[PDB]
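Engineer: Sharing a structure with you now.
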Amino acid sequence: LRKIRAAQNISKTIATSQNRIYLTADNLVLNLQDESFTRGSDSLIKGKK
Amino acid sequence: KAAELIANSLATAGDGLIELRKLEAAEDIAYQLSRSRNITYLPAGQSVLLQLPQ
């Protein structure tokens, strides 16, 4: 059984391995805009008295 | 004991029992031999700013 122990130990060391694959992503952004954008103007002709 | 019980169960369940136990085991063995896989996805997008038209 010493033989088995040693074989076990060697097998253990050699054997260890593992793989895995998955896809995930993390992202976060917060944009705060309290406004409707301006700088919007049509072409109109206006005049004042 | 498990082996004894399995043998007993298969004996009762007949040959058909044994056969597909063998298949299950084969499936297990095959899985272990090659355990891995992935799933494919189509692309996601990223954020962007939307401008509303006037």
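Chains: A, B, ... in order of the structure tokens. Residues: from 1 per chain. Ligands: from 1, in order shown.
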Pull out every residue of chain B sitting within 10 Å of chain A, counting only C-alpha atoms, and send them as a ChimeraX atom specification.

Structural biologist: /B:35-41,46-47,49,51-54

Engineer: Quote the spacing between atom CA of residue 17 of chain B and atom CA of residue 2 of chain B in Å to one decimal place.

Structural biologist: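 Here the two named atoms are 15.6 Å from each other.
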
Engineer: Please compute the atom CA of residue 10 of chain B-atom CA of residue 32 of chain B distance, one decimal, in Å.

Structural biologist: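 Spanning atom CA of residue 10 of chain B to atom CA of residue 32 of chain B is a straight-line distance of 24.1 Å.
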
Engineer: Between atom CA of residue 17 of chain A and atom CA of residue 30 of chain B, measure the distance and give it in Å to one decimal.

Structural biologist: 17.7 Å

Engineer: Run DSSP on the backbone of this structure and report the residues of chain B it assigns to alpha helix (DSSP H), as a ChimeraX atom specification.

Structural biologist: /B:2-33

Engineer: Next, dump the selected residues to file, keeping only N, CA, C and O atoms, as a short mmCIF file (atom, residue, chain, number, x, y, z; two decimals), in the first residue's frame.

Structural biologist:
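Written file, part.cif:
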```cif
data_model
loop_
_atom_site.label_atom_id
_atom_site.label_comp_id
_atom_site.auth_asym_id
_atom_site.auth_seq_id
_atom_site.Cartn_x
_atom_site.Cartn_y
_atom_site.Cartn_z
N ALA B 2 -23.15 -1.67 -3.97
CA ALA B 2 -23.86 -1.05 -5.04
C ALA B 2 -23.85 -1.98 -6.21
O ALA B 2 -24.84 -2.13 -6.91
N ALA B 3 -22.69 -2.64 -6.45
CA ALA B 3 -22.56 -3.49 -7.60
C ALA B 3 -23.48 -4.64 -7.42
O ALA B 3 -24.13 -5.08 -8.37
N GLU B 4 -23.55 -5.16 -6.19
CA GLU B 4 -24.36 -6.31 -5.94
C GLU B 4 -25.78 -5.94 -6.23
O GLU B 4 -26.50 -6.71 -6.87
N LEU B 5 -26.21 -4.76 -5.75
CA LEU B 5 -27.58 -4.36 -5.90
C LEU B 5 -27.90 -4.15 -7.34
O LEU B 5 -28.97 -4.53 -7.81
N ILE B 6 -26.98 -3.51 -8.09
CA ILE B 6 -27.22 -3.22 -9.47
C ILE B 6 -27.37 -4.51 -10.20
O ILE B 6 -28.28 -4.67 -11.02
N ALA B 7 -26.49 -5.48 -9.92
CA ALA B 7 -26.54 -6.73 -10.61
C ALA B 7 -27.87 -7.37 -10.35
O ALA B 7 -28.49 -7.93 -11.25
N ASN B 8 -28.33 -7.31 -9.09
CA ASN B 8 -29.56 -7.93 -8.70
C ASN B 8 -30.68 -7.26 -9.44
O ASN B 8 -31.60 -7.93 -9.93
N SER B 9 -30.65 -5.92 -9.53
CA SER B 9 -31.71 -5.17 -10.13
C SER B 9 -31.78 -5.47 -11.60
O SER B 9 -32.86 -5.61 -12.16
N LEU B 10 -30.61 -5.54 -12.26
CA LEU B 10 -30.58 -5.80 -13.67
C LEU B 10 -31.06 -7.18 -13.92
O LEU B 10 -31.71 -7.44 -14.93
N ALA B 11 -30.75 -8.13 -13.03
CA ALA B 11 -31.17 -9.49 -13.24
C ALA B 11 -32.66 -9.52 -13.25
O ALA B 11 -33.27 -10.24 -14.04
N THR B 12 -33.30 -8.75 -12.35
CA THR B 12 -34.73 -8.74 -12.28
C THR B 12 -35.28 -8.05 -13.49
O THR B 12 -36.22 -8.55 -14.12
N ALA B 13 -34.71 -6.88 -13.84
CA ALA B 13 -35.13 -6.06 -14.94
C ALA B 13 -34.74 -6.67 -16.25
O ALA B 13 -35.07 -6.13 -17.30
N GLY B 14 -33.92 -7.73 -16.23
CA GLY B 14 -33.67 -8.44 -17.45
C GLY B 14 -32.53 -7.83 -18.18
O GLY B 14 -31.86 -6.93 -17.69
N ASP B 15 -32.29 -8.35 -19.40
CA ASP B 15 -31.19 -7.97 -20.24
C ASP B 15 -31.33 -6.54 -20.65
O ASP B 15 -30.35 -5.80 -20.68
N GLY B 16 -32.56 -6.12 -20.98
CA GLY B 16 -32.78 -4.80 -21.51
C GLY B 16 -32.30 -3.81 -20.50
O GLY B 16 -31.84 -2.73 -20.86
N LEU B 17 -32.44 -4.15 -19.20
CA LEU B 17 -32.05 -3.27 -18.14
C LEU B 17 -30.57 -3.05 -18.23
O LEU B 17 -30.08 -1.93 -18.11
N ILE B 18 -29.84 -4.15 -18.44
CA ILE B 18 -28.41 -4.11 -18.42
C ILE B 18 -27.94 -3.29 -19.56
O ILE B 18 -27.04 -2.46 -19.42
N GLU B 19 -28.56 -3.50 -20.74
CA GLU B 19 -28.08 -2.85 -21.93
C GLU B 19 -28.12 -1.38 -21.74
O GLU B 19 -27.12 -0.70 -21.95
N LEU B 20 -29.26 -0.80 -21.35
CA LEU B 20 -29.13 0.61 -21.36
C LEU B 20 -28.42 1.18 -20.18
O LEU B 20 -28.01 2.34 -20.22
N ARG B 21 -28.25 0.42 -19.09
CA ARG B 21 -27.39 0.90 -18.04
C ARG B 21 -26.04 1.09 -18.66
O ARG B 21 -25.32 2.03 -18.34
N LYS B 22 -25.66 0.16 -19.57
CA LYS B 22 -24.39 0.19 -20.23
C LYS B 22 -24.31 1.43 -21.07
O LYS B 22 -23.26 2.06 -21.15
N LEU B 23 -25.43 1.81 -21.72
CA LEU B 23 -25.45 2.99 -22.55
C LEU B 23 -25.26 4.19 -21.69
O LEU B 23 -24.52 5.11 -22.05
N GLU B 24 -25.94 4.24 -20.53
CA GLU B 24 -25.83 5.40 -19.69
C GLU B 24 -24.40 5.55 -19.29
O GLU B 24 -23.85 6.64 -19.32
N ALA B 25 -23.77 4.43 -18.89
CA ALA B 25 -22.42 4.46 -18.41
C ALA B 25 -21.53 4.96 -19.50
O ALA B 25 -20.60 5.72 -19.25
N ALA B 26 -21.79 4.51 -20.74
CA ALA B 26 -20.99 4.90 -21.87
C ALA B 26 -21.13 6.37 -22.08
O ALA B 26 -20.16 7.05 -22.41
N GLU B 27 -22.36 6.90 -21.90
CA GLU B 27 -22.59 8.30 -22.10
C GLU B 27 -21.79 9.05 -21.08
O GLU B 27 -21.15 10.05 -21.39
N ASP B 28 -21.81 8.57 -19.82
CA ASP B 28 -21.10 9.21 -18.75
C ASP B 28 -19.64 9.23 -19.08
O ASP B 28 -18.97 10.25 -18.95
N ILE B 29 -19.10 8.07 -19.51
CA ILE B 29 -17.70 7.93 -19.80
C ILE B 29 -17.35 8.88 -20.90
O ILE B 29 -16.32 9.55 -20.86
N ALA B 30 -18.20 8.96 -21.94
CA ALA B 30 -17.92 9.81 -23.06
C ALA B 30 -17.90 11.23 -22.61
O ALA B 30 -17.07 12.02 -23.07
N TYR B 31 -18.83 11.61 -21.71
CA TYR B 31 -18.88 12.97 -21.27
C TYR B 31 -17.61 13.29 -20.55
O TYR B 31 -16.98 14.32 -20.80
N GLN B 32 -17.18 12.39 -19.64
CA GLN B 32 -16.02 12.66 -18.84
C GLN B 32 -14.84 12.77 -19.74
O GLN B 32 -13.98 13.63 -19.54
N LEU B 33 -14.76 11.89 -20.76
CA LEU B 33 -13.64 11.93 -21.64
C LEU B 33 -13.56 13.31 -22.20
O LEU B 33 -12.50 13.93 -22.18
#
```
